[PDB]
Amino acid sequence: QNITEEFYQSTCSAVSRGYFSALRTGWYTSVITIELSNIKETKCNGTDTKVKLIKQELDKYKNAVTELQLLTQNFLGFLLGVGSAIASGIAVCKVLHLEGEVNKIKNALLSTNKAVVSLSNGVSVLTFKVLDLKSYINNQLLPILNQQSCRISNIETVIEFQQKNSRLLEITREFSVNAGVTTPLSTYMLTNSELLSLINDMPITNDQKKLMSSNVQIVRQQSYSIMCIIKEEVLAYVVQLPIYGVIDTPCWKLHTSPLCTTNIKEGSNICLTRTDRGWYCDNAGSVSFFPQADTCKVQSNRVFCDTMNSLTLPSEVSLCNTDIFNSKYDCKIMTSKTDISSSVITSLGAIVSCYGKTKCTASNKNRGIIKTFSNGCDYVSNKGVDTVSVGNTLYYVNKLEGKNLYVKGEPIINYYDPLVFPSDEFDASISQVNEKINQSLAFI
């Protein structure tokens, strides 16, 4: 929607504003249960295609129960020792293993299929019964299987049993190939009917309920399913859903690109790049910063992010966009001598860093070339433009309409004397390049 973008010619960066936050800060857990029956041996002469057919669909059942039994018996550096995403789920699994805890769940779901249960560790969980394979196998099936002559009446029972068993096998293969933990949340793990029902009874605001149920596909991508326990005629697993404790605060995206002096010969040029690119959202008097790509998902002008993937910075960090030389926040940059041509596709446009003999242009599919980029760091709005070419590579601009603004100014690389420029700083900042230069100039 109302999205705007500013490009800063001086620092070769661009900021996309107009977005609104939805940052995960809490976790909600609920317990999904399937009712099982513990059928062992069925003394039955078979060979009759119909009996042999239902015995092998019964074999799939015992194989999945067994497979589940085998599961239950057992700036980016700053984000590596982050811990387990599923701790609050695992906390619920520990409790279901306590004696009689599964028994509490069964009795709560004996009369209905959805009930609130107070667990023994203080968390109040919503519990669902999504499949009753127990009373199907015990009632509408097992009597036929417990006389020495076993003759199923009609093939309809073979098909009815495959349909009942089917969801259990879909749930088991997902846990199998994923060591008991799956994300995103399958429709098989939680159907849309059950997920909206769950969201509606969450201890959250009507604001958060309406945000979640308008983007169920995003809630799935940020939820986990955890295989839990399989005892006492019950299968249970924990669904872990996000809670967006930060809502509707301003978010902005920083795009950066290498800024270099413009001599055509390679290596005789000094470069400089802002390293603080990523997503920024205001969050409790500070700024939550998301440096990693694909840790935030955009929908129109709403940003969903998980604060587990963020760093906290002082809110002054945004001063680097408007005044990189400011004395309130030391803005972070890297330096090099690698003048390779490249383009960054922003929200409402494109940044192009053209160096050497490279051919960099911006085109319209019907009109031809609309801008030929000179050497240096320039910018184009996505209005009237479909593609950007850089060397032999074709980039596609985004086609969303917004307000673009070009803030002219001198490239700050021009302020630096190349004879005393620290030209291989992996992770520095503005005043760290200044104090490194102040040493060299005093050596003279």
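One rule holds for the numbers: they count along the sequence shown, beginning at 1.
Counting the deposited residues that fall between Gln148 and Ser149 and carry no coordinates gives zero. As the entry records it, the average C-alpha temperature factor is higher for 102-110, out of 250-258 and 102-110. Relative to one another, 271-279 and 134-142 have unequal mean CA B-factors, and 134-142 is the one with the higher figure. When the C-alpha B-factors of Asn121, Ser336, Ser347, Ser327 are read from the PDB record, the largest value belongs to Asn121. Ranking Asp323, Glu232, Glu170, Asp306 by Cα temperature factor from the entry places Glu232 first.
In the PDB entry, a CA B factor belonging to the highest third of its chain's modelled residues is recorded for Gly46.
Annotation for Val15: CA B-factor lies in the lowest third of the chain's modelled residues. Among all modelled residues in this chain, the alpha-carbon of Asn364 has a temperature factor (C-alpha) in the middle third.
Annotation for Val65: CA B-factor lies in the middle third of the chain's modelled residues.
Among all modelled residues in its chain, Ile155 ranks in the highest third by Cα B-factor.
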